[PDB]
$ cat entry23.cif   # mmCIF, C-alpha atoms and all ligand atoms
data_work
loop_
_atom_site.label_atom_id
_atom_site.label_comp_id
_atom_site.auth_asym_id
_atom_site.auth_seq_id
_atom_site.Cartn_x
_atom_site.Cartn_y
_atom_site.Cartn_z
CA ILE A 1 120.95 -45.25 132.96
CA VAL A 2 120.45 -43.93 129.39
CA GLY A 3 123.48 -42.41 127.62
CA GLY A 4 125.74 -43.42 130.50
CA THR A 5 129.03 -45.31 130.85
CA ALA A 6 130.41 -48.03 133.13
CA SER A 7 131.52 -46.85 136.54
CA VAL A 8 134.97 -47.81 137.89
CA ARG A 9 135.11 -50.04 140.99
CA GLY A 10 134.50 -47.91 144.09
CA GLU A 11 133.91 -44.53 142.48
CA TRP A 12 130.34 -44.48 143.94
CA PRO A 13 131.03 -46.28 147.31
CA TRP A 14 127.73 -45.16 148.93
CA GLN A 15 125.70 -46.92 146.11
CA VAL A 16 123.90 -50.10 147.13
CA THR A 17 121.83 -52.66 145.20
CA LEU A 18 118.62 -53.63 146.99
CA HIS A 19 117.47 -57.17 145.99
CA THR A 20 114.22 -59.05 146.67
CA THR A 21 114.18 -62.86 147.14
CA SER A 22 110.53 -63.37 146.14
CA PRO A 23 109.73 -65.33 143.91
CA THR A 24 113.40 -65.73 142.74
CA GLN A 25 116.27 -63.31 143.57
CA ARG A 26 116.41 -60.06 141.55
CA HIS A 27 117.55 -56.38 141.81
CA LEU A 28 114.72 -54.14 142.94
CA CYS A 29 116.14 -50.65 143.63
CA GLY A 30 119.20 -48.53 144.10
CA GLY A 31 119.98 -46.88 147.45
CA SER A 32 122.63 -44.91 149.38
CA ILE A 33 124.65 -45.51 152.60
CA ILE A 34 123.95 -42.48 154.80
CA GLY A 35 125.04 -44.14 158.09
CA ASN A 36 126.33 -47.36 159.76
CA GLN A 37 122.84 -48.99 159.77
CA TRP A 38 121.05 -46.60 157.33
CA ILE A 39 120.28 -46.75 153.64
CA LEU A 40 118.36 -43.83 152.07
CA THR A 41 116.10 -44.95 149.20
CA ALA A 42 112.70 -44.25 147.57
CA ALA A 43 109.33 -45.24 149.09
CA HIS A 44 107.78 -46.61 145.80
CA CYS A 45 110.38 -49.39 145.81
CA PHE A 46 108.44 -51.24 148.56
CA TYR A 47 105.02 -51.59 146.77
CA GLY A 48 103.80 -55.13 147.60
CA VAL A 49 106.81 -55.76 149.92
CA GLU A 50 104.92 -57.21 152.94
CA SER A 51 107.99 -58.06 155.04
CA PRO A 52 111.61 -56.63 155.18
CA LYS A 53 112.53 -60.41 155.39
CA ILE A 54 112.64 -60.85 151.56
CA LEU A 55 115.11 -57.89 151.20
CA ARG A 56 118.88 -58.19 150.77
CA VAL A 57 121.13 -55.05 150.64
CA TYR A 58 124.46 -55.52 148.74
CA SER A 59 127.26 -52.94 149.15
CA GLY A 60 130.64 -52.60 147.42
CA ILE A 61 129.16 -54.02 144.19
CA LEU A 62 130.33 -52.99 140.72
CA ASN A 63 128.79 -55.92 138.75
CA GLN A 64 125.57 -57.92 139.33
CA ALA A 65 127.62 -61.09 138.46
CA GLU A 66 129.35 -60.59 141.93
CA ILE A 67 126.05 -61.73 143.52
CA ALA A 68 125.71 -65.52 143.94
CA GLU A 69 124.10 -67.56 146.79
CA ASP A 70 127.41 -67.51 148.72
CA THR A 71 127.62 -63.66 148.68
CA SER A 72 127.34 -61.73 152.02
CA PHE A 73 124.49 -59.21 152.30
CA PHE A 74 122.76 -57.02 154.89
CA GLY A 75 119.36 -58.09 156.22
CA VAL A 76 116.75 -55.38 156.67
CA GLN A 77 115.25 -54.93 160.17
CA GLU A 78 112.82 -52.12 159.30
CA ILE A 79 111.42 -50.19 156.33
CA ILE A 80 110.62 -46.64 157.34
CA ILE A 81 108.50 -44.89 154.64
CA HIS A 82 107.54 -41.20 155.07
CA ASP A 83 104.01 -40.98 156.60
CA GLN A 84 102.80 -38.36 153.98
CA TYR A 85 103.76 -40.58 151.00
CA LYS A 86 100.99 -41.97 148.72
CA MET A 87 103.02 -42.15 145.41
CA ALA A 88 106.23 -41.06 143.64
CA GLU A 89 104.59 -38.31 141.53
CA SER A 90 103.05 -36.43 144.55
CA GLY A 91 106.32 -36.22 146.54
CA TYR A 92 107.57 -37.53 149.96
CA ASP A 93 109.16 -40.39 147.97
CA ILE A 94 111.72 -41.29 150.66
CA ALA A 95 112.40 -44.39 152.75
CA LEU A 96 115.08 -45.49 155.24
CA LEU A 97 116.19 -49.09 155.54
CA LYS A 98 117.41 -50.02 159.04
CA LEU A 99 119.95 -52.76 158.45
CA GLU A 100 120.15 -55.84 160.80
CA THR A 101 123.96 -55.43 161.17
CA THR A 102 126.20 -52.39 160.68
CA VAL A 103 128.29 -51.53 157.60
CA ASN A 104 132.10 -51.66 158.09
CA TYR A 105 133.30 -48.69 156.08
CA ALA A 106 136.18 -49.17 153.65
CA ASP A 107 137.20 -47.74 150.21
CA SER A 108 134.48 -49.98 148.61
CA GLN A 109 131.54 -48.92 150.90
CA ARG A 110 131.32 -45.63 152.80
CA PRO A 111 128.54 -43.06 153.54
CA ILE A 112 127.59 -40.00 151.47
CA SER A 113 127.09 -36.64 153.22
CA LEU A 114 123.57 -35.25 153.30
CA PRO A 115 123.26 -31.54 152.26
CA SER A 116 123.01 -28.88 155.01
CA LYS A 117 120.14 -26.33 155.22
CA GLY A 118 122.62 -23.52 154.39
CA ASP A 119 123.44 -25.21 151.01
CA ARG A 120 119.89 -24.30 149.70
CA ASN A 121 121.45 -21.55 147.48
CA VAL A 122 124.38 -23.68 146.18
CA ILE A 123 124.60 -23.93 142.36
CA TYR A 124 125.59 -27.58 141.70
CA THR A 125 127.39 -28.15 138.39
CA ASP A 126 129.01 -31.63 138.92
CA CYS A 127 125.90 -33.96 139.26
CA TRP A 128 125.85 -37.65 138.43
CA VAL A 129 123.07 -40.21 138.29
CA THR A 130 124.10 -43.86 138.96
CA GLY A 131 122.45 -47.29 138.72
CA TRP A 132 122.06 -50.75 137.21
CA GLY A 133 118.83 -49.83 135.39
CA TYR A 134 117.75 -49.98 131.74
CA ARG A 135 120.07 -48.46 129.04
CA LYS A 136 116.85 -47.94 126.86
CA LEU A 137 113.09 -47.89 127.74
CA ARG A 138 112.68 -51.54 126.57
CA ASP A 139 115.74 -53.37 128.01
CA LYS A 140 116.93 -55.26 131.13
CA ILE A 141 118.91 -54.67 134.42
CA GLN A 142 122.60 -54.06 133.63
CA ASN A 143 125.54 -56.14 134.99
CA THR A 144 127.89 -53.12 135.47
CA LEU A 145 126.83 -49.98 137.36
CA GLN A 146 126.37 -46.99 134.95
CA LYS A 147 126.99 -43.28 135.58
CA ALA A 148 125.91 -40.12 133.66
CA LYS A 149 126.67 -36.45 134.25
CA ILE A 150 123.28 -34.66 134.29
CA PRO A 151 122.73 -30.87 134.77
CA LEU A 152 120.19 -29.61 137.31
CA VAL A 153 117.12 -27.89 135.79
CA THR A 154 115.26 -25.19 137.85
CA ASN A 155 111.90 -26.08 139.42
CA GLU A 156 110.37 -23.27 137.20
CA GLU A 157 111.73 -24.96 134.01
CA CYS A 158 110.87 -28.53 135.19
CA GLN A 159 107.27 -27.32 135.93
CA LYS A 160 106.80 -26.17 132.25
CA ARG A 161 107.80 -29.73 131.21
CA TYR A 162 105.34 -31.43 133.60
CA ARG A 163 102.21 -29.30 133.06
CA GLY A 164 99.90 -32.08 134.45
CA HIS A 165 101.91 -32.44 137.69
CA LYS A 166 102.89 -30.07 140.50
CA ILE A 167 106.73 -29.87 140.78
CA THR A 168 107.12 -28.78 144.43
CA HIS A 169 110.10 -27.27 146.36
CA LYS A 170 110.65 -30.80 147.83
CA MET A 171 111.53 -32.01 144.27
CA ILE A 172 114.64 -31.44 142.14
CA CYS A 173 114.84 -32.12 138.38
CA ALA A 174 117.85 -32.97 136.22
CA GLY A 175 118.20 -33.35 132.47
CA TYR A 176 119.18 -32.12 128.97
CA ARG A 177 116.65 -30.18 126.85
CA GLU A 178 117.43 -32.55 123.90
CA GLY A 179 117.35 -35.59 126.24
CA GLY A 180 119.50 -38.68 125.76
CA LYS A 181 120.84 -38.93 129.39
CA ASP A 182 118.70 -40.04 132.40
CA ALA A 183 117.83 -42.67 135.01
CA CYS A 184 115.52 -45.45 133.71
CA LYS A 185 113.75 -48.60 135.05
CA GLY A 186 115.89 -50.08 137.83
CA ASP A 187 117.71 -46.85 138.92
CA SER A 188 114.98 -45.57 141.31
CA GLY A 189 115.94 -45.20 144.98
CA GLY A 190 119.44 -44.40 143.77
CA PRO A 191 121.58 -41.30 144.32
CA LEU A 192 121.87 -38.05 142.40
CA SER A 193 125.37 -37.13 143.68
CA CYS A 194 126.78 -33.59 143.34
CA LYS A 195 130.45 -32.68 144.08
CA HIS A 196 130.67 -29.26 145.83
CA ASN A 197 133.95 -27.94 147.46
CA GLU A 198 135.80 -31.31 146.90
CA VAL A 199 132.97 -33.08 148.90
CA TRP A 200 130.14 -35.30 147.44
CA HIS A 201 126.54 -34.56 148.63
CA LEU A 202 123.37 -36.71 148.21
CA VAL A 203 121.31 -34.00 146.47
CA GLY A 204 118.47 -36.21 145.17
CA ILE A 205 116.90 -39.72 145.19
CA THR A 206 115.83 -41.18 141.78
CA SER A 207 112.01 -40.97 141.91
CA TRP A 208 110.09 -40.58 138.57
CA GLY A 209 109.76 -39.19 135.03
CA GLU A 210 107.76 -39.53 131.80
CA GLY A 211 109.61 -42.39 130.11
CA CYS A 212 113.43 -42.31 130.08
CA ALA A 213 115.75 -39.55 128.68
CA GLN A 214 113.04 -38.02 126.43
CA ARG A 215 113.40 -34.51 124.96
CA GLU A 216 111.92 -31.80 127.33
CA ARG A 217 111.27 -34.33 130.19
CA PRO A 218 113.83 -33.99 133.01
CA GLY A 219 114.00 -36.80 135.58
CA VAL A 220 112.40 -35.94 138.93
CA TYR A 221 114.28 -36.52 142.17
CA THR A 222 113.36 -36.16 145.83
CA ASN A 223 115.14 -33.02 147.16
CA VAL A 224 117.09 -34.50 150.14
CA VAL A 225 117.88 -31.16 151.89
CA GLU A 226 114.06 -30.87 152.51
CA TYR A 227 114.14 -34.13 154.53
CA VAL A 228 117.25 -33.71 156.70
CA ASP A 229 115.00 -33.13 159.82
CA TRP A 230 112.79 -36.16 159.02
CA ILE A 231 116.02 -38.24 158.42
CA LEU A 232 117.36 -37.09 161.87
CA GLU A 233 114.00 -37.78 163.63
CA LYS A 234 113.62 -41.31 162.16
CA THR A 235 117.35 -42.28 162.64
CA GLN A 236 117.07 -41.62 166.49
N1 LIG A 301 113.09 -41.08 133.98
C1 LIG A 301 113.21 -41.43 135.31
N2 LIG A 301 113.98 -40.54 136.03
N3 LIG A 301 112.64 -42.49 135.78
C2 LIG A 301 112.87 -42.68 137.22
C3 LIG A 301 111.96 -43.83 137.63
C4 LIG A 301 112.40 -45.10 136.94
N4 LIG A 301 111.63 -46.21 137.43
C5 LIG A 301 112.17 -47.32 138.02
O1 LIG A 301 113.35 -47.46 138.30
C6 LIG A 301 111.15 -48.38 138.28
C7 LIG A 301 110.47 -48.07 139.63
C8 LIG A 301 110.00 -49.32 140.30
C9 LIG A 301 110.80 -49.97 141.22
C10 LIG A 301 110.39 -51.15 141.81
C11 LIG A 301 109.17 -51.68 141.47
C12 LIG A 301 108.35 -51.02 140.57
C13 LIG A 301 108.77 -49.85 139.98
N5 LIG A 301 111.92 -49.62 138.22
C14 LIG A 301 111.49 -50.75 137.54
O2 LIG A 301 110.56 -50.79 136.75
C15 LIG A 301 112.22 -51.99 137.78
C16 LIG A 301 112.80 -52.25 139.01
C17 LIG A 301 113.47 -53.44 139.20
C18 LIG A 301 113.54 -54.37 138.17
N6 LIG A 301 114.21 -55.59 138.37
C19 LIG A 301 114.30 -56.59 137.41
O3 LIG A 301 114.91 -57.64 137.54
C20 LIG A 301 113.63 -56.34 136.12
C21 LIG A 301 112.98 -55.18 135.94
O4 LIG A 301 112.36 -54.95 134.75
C22 LIG A 301 112.92 -54.14 136.96
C23 LIG A 301 112.27 -52.93 136.76
#

$ encode --input "entry23.cif" --output "structure tokens" --more "lines below"
Ligand SMILES: N=C(N)NCCCNC(=O)[C@H](Cc1ccccc1)NC(=O)c1ccc2[nH]c(=O)cc(O)c2c1
Amino acid sequence: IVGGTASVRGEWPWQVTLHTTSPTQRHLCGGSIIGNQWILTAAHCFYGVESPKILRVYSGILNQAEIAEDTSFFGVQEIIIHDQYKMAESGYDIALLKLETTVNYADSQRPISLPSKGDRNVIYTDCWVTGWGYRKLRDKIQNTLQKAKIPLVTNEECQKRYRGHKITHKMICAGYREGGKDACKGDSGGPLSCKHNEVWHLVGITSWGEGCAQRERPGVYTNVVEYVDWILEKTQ
């Protein structure tokens, strides 16, 4: 997260850190608890991941230093990638992780509500992007989870910024004209959370962008409300 600040312990309880064990253990992607056995993440995260066996999901984490060999984690039983996905930039950048065991909800780890089809005309003004990613383009994974308030840009405005791409209705963009605040390497799969009527909604999944926090380049997120039927179908 560029131009962000440290989160407080448990202020983003749906936020998970997805690790890989191959060749040595490292953070791979962010993700969100959407159910007892369900993590919503991005599809691009699993490029070259042959088996869900190398994956470890960690919940209730503030700092990466909390993860040692003796730390409990959730095994992955299945990676469900959307069947129309090819790559991040063309959309359908969504994946569900079926956990081996269920998550015991507490103040440190709880699910985030998915937006309803009626909320398609809601004007979200309290949107945050969270992750352990890069604080600059050339950096490293951060110990402490960062947060940044980012305003939603219209699909019409985002399209003018990405003239060589098609920004579809299944995408949502967020950013400042002048830049300085955005997701960066290591934040993908993660939530774009928006507070509406005292309730937090998973509005977007960190997907792609041209660099990180550049002027006139909003970050591009998967628009979750467009996948609530696919989420229902695959979670059955
Ligand atoms: N402006 C925007 N909104 N951009 C959004 C998209 C940002 N892209 C990402 O997050 C990529 C995607 C991606 C995710 C997984 C694999 C390839 C690409 N992540 C990484 O490269 C990434 C991820 C984990 C890492 N683990 C480490 O230990 C050291 C790393 O260097 C490191 C870097």

$ closest_residue --input "entry23.cif" --among "A:2, A:192, A:40, A:158" --to "residue 232 in chain A" --atoms "all atoms listed in the file"
A:40

$ residues_around --input "entry23.cif" --residues "range 46-57 of chain A" --least-positions-apart "2" --cutoff "10 Å" --atoms "only C-alpha atoms" --output "MDAnalysis selection string"
chainID A and resid 16:23 25:31 39 41:44 59 72:79 81 87 95 97:99

$ closest_residue --input "entry23.cif" --among "A:236, A:102, A:130, A:193" --to "ligand LIG 301 (chain A)" --atoms "all atoms listed in the file"
A:130

$ closest_atom_pairs --input "entry23.cif" --of "chain A" --to "ligand LIG 301 (chain A)" --cutoff "8 Å" --atoms "all atoms listed in the file" --output "Markdown table"
| residue | atom | partner | partner_atom | distance |
| --- | --- | --- | --- | --- |
| A:26 | CA | A:LIG301 | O3 | 4.9 |
| A:27 | CA | A:LIG301 | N6 | 4.9 |
| A:28 | CA | A:LIG301 | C17 | 4.0 |
| A:29 | CA | A:LIG301 | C17 | 5.9 |
| A:44 | CA | A:LIG301 | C9 | 6.4 |
| A:45 | CA | A:LIG301 | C10 | 4.4 |
| A:46 | CA | A:LIG301 | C10 | 7.0 |
| A:47 | CA | A:LIG301 | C11 | 6.7 |
| A:133 | CA | A:LIG301 | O1 | 6.6 |
| A:134 | CA | A:LIG301 | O4 | 7.9 |
| A:139 | CA | A:LIG301 | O4 | 7.7 |
| A:140 | CA | A:LIG301 | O4 | 5.8 |
| A:141 | CA | A:LIG301 | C20 | 5.8 |
| A:182 | CA | A:LIG301 | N1 | 5.9 |
| A:183 | CA | A:LIG301 | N2 | 4.5 |
| A:184 | CA | A:LIG301 | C4 | 4.5 |
| A:185 | CA | A:LIG301 | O1 | 3.5 |
| A:186 | CA | A:LIG301 | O1 | 3.7 |
| A:187 | CA | A:LIG301 | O1 | 4.4 |
| A:188 | CA | A:LIG301 | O1 | 3.9 |
| A:189 | CA | A:LIG301 | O1 | 7.5 |
| A:206 | CA | A:LIG301 | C2 | 5.6 |
| A:207 | CA | A:LIG301 | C2 | 5.1 |
| A:208 | CA | A:LIG301 | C2 | 3.7 |
| A:209 | CA | A:LIG301 | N1 | 4.0 |
| A:210 | CA | A:LIG301 | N1 | 6.0 |
| A:211 | CA | A:LIG301 | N1 | 5.4 |
| A:212 | CA | A:LIG301 | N1 | 4.1 |
| A:213 | CA | A:LIG301 | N1 | 6.1 |
| A:217 | CA | A:LIG301 | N1 | 8.0 |
| A:218 | CA | A:LIG301 | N1 | 7.2 |
| A:219 | CA | A:LIG301 | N2 | 3.8 |
| A:220 | CA | A:LIG301 | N2 | 5.7 |
| A:221 | CA | A:LIG301 | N2 | 7.3 |

$ closest_residue --input "entry23.cif" --among "A:112, A:61, A:94, A:174" --to "residue 157 in chain A" --atoms "all atoms listed in the file"
A:174

$ axis_aligned_box --input "entry23.cif" --around "range 17-28 of chain A" --padding-each-side "4 Å" --output "lines of an AutoDock Vina configuration file"
center_x = 115.8
center_y = -59.2
center_z = 144.3
size_x = 20.1
size_y = 21.1
size_z = 13.6

$ atom_distance --input "entry23.cif" --atom1 "CA of residue 85 in chain A" --atom2 "CA of residue 227 in chain A"
12.7 Å

$ atom_distance --input "entry23.cif" --atom1 "CA of residue 163 in chain A" --atom2 "CA of residue 177 in chain A"
15.7 Å

$ residues_near_point --input "entry23.cif" --point "(125.0, -38.1, 155.0)" --cutoff "8 Å" --atoms "only C-alpha atoms" --output "count of residues only"
10

$ atom_distance --input "entry23.cif" --atom1 "CA of residue 155 in chain A" --atom2 "CA of residue 84 in chain A"
21.1 Å

$ residues_around --input "entry23.cif" --residues "residue 118 in chain A" --least-positions-apart "6" --cutoff "12 Å" --atoms "all atoms listed in the file" --output "list in words"
residues 225, 226 and 228 of chain A

$ closest_residue --input "entry23.cif" --among "A:71, A:7, A:108, A:116" --to "residue 223 in chain A" --atoms "only C-alpha atoms"
A:116

$ closest_residue --input "entry23.cif" --among "A:128, A:58, A:230, A:200" --to "residue 175 in chain A" --atoms "only C-alpha atoms"
A:128

$ residues_near_point --input "entry23.cif" --point "(118.6, -34.5, 126.2)" --cutoff "8 Å" --atoms "all atoms listed in the file" --output "list in words"
residues 175, 176, 177, 178, 179, 180, 181, 213, 214, 215 and 216 of chain A

$ closest_residue --input "entry23.cif" --among "A:80, A:62, A:129, A:88" --to "residue 165 in chain A" --atoms "all atoms listed in the file"
A:88
